[PDB]
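Before any questions on binding or motion, here is one chain by itself as structure tokens, the form deposited in one PDB entry.
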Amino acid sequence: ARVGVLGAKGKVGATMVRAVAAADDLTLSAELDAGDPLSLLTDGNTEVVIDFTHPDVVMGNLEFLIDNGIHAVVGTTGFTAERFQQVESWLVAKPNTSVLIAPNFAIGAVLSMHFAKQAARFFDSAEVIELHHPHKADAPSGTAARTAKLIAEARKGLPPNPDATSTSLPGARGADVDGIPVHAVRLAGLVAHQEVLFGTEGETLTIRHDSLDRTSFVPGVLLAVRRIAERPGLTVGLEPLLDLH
């Protein structure tokens, strides 16, 4: 497949360039980083584009790709209901163009999240623990928050976690994301890790995702690049491409 990479000197693109170069089945058709015109993509017959450039510029890129029937695997964040609306809009005019926007390309992470979603309604209790290196700026992770919201949403209409706590120390019970405790561990030696715990009297289920490399998103981006074709128009999140729905 003829793959083009944007913001290709930026850490992700650069990595993706390497991934695509190394990869058997795909040929790298264009490597554009900032200061490069977008006409180069069509000039080399780019079918798919990987995009992870800054949020300010993504909208301007997506429009171009859509205009030109260029499939887009997008990893850039900063997307809003209103920005999805917008993309959803451009795609109306080009029904054969696929676009995938995903907050997270680590297959382990995405699976881990989807499993929590599916499990959450079958247990009395659910909590999230997340553990990261002590250089991380924010607590909980983006990923732990989004996870907790999903669980909360999946449990829309069950009782809240039982909990008889009556004296405590501030923070002893973690954060409270949509009614479900997120704990954040920061510990030397760690990279990125998350543990979703469910329990009910008699049994517990625990899902853990550990990520040891900056680079674990690669297999996912590649997956998306190899499959984006199968699903016309806008797809949000990688999970549909994992053929789980």
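One rule holds for the numbers: they count along the sequence shown, beginning at 1.
The next section is about a form of this same protein that is not shown, the form deposited with a small molecule bound.
**Student:** Could you tell me if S29 has a non-hydrogen atom within 4.5 Å of the small molecule in the deposited complex?
**Tutor:** Looking in the deposited complex, residue contacts with the small molecule do not include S29, since no heavy atom lies within 4.5 Å.
**Student:** Counting only non-hydrogen atoms and a 4.5 angstroms cut-off, does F217 reach the small molecule in the deposited complex?
**Tutor:** Yes, contact at 4.5 Å.
**Student:** So in the deposited complex, is the small molecule close enough to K11 to count as touching (4.5 Å, heavy atoms)?
**Tutor:** Looking in the deposited complex, residue contacts with the small molecule include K11, since a heavy atom lies within 4.5 Å.
**Student:** How about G69 - does it come within 4.5 Å of the small molecule in the deposited complex, if we only consider non-hydrogen atoms?
**Tutor:** Answer no; every heavy atom of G69 is more than 4.5 Å from the small molecule in the deposited complex.
**Student:** Out of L205, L40, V177, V57, which one falls within 4.5 Å of the small molecule in the deposited complex, going by heavy atoms?
**Tutor:** Here the answer is residue option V57.
**Student:** So which stretch, 160-168, 97-105, 120-128, 80-88, is the one near the small molecule in the deposited complex (non-hydrogen atoms, 4.5 Å)?
**Tutor:** Of the options given, it is 97-105.
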